[PDB]
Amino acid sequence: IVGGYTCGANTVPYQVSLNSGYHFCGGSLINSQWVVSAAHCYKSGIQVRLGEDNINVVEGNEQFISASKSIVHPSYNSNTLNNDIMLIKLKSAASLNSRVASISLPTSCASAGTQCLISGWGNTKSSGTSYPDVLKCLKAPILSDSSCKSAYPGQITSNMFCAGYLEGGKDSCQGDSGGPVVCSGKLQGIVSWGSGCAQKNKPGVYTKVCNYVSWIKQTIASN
């Protein structure tokens, strides 16, 4: 997260870190057994880390749980990042508490101008590299689809939306992928991609979760 603020420990209790020896992507807890992340974060050997603030220090509220199965969206395209969503099942159910909590799925999509909370452990620099140990947060509005497509001609599908600031300076970044965009109490987005980070006229692009609620519900009921 570039241009954000330190969230405060466990203030985003649905945020998870995906770990394969090191943090490599975010995710969001959607019930005690299931996490939703970005398909481009897929790999084998995932450990889900819940209850985290400082990802380099054991602070006493963590749960570490191996994935038992991953399900990438059937229509995910790795060239274009269309349908950049996957589901991860936990080998054992998380113990839900004030620091380890699920986030509700949308029942409707959100509108341009609505303010959202975006979070993660990704790079904090728009030029260069600095990785934080504690969770970072950013408040940012959904942008109109026309401004999104104007920024990224030929690249935006109906399964994507832009959020952020066209002037630059405030954005998600490398290592935030897979993590949450929460608007009015609902998981509306997954951190997916952008051209650089926090650059002028290059806002963040997010998977449009509201298009996937039926697939999520049916997939988790059958697995």
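C-alpha atoms forming the largest set that superposes within 1.5 Å between two forms make up the rigid core. We number the residues from 1 along the sequence you see.
Where the structures in 8 other deposited structures of this protein are fitted on the rigid core, 129 to 137 is the one of 148 to 156 and 129 to 137 whose C-alphas sit farther from the shown form on average.
Note on 163 to 171 vs 55 to 63: mean CA B-factor is higher in 163 to 171. Averaged over CA atoms, B-factors in the entry run higher in 39 to 47 than in the other of 39 to 47 and 174 to 182. In this entry, the residue among 188, 192, 158, 28 with the greatest C-alpha B factor is 158. In this entry, the residue among 129, 83, 102, 119 with the greatest C-alpha B factor is 129.
Annotation for residue 20: C-alpha temperature factor in the middle third relative to the rest of the modelled chain, per the entry. Ranked by Cα temperature factor within the chain, residue 207 sits in the lowest third according to the deposited record. Sorting the modelled residues of the chain by their CA temperature factor places residue 87 in the lowest third. Remark: residue 135 belongs to the lowest third of its chain, ranked by C-alpha B-factor as recorded.
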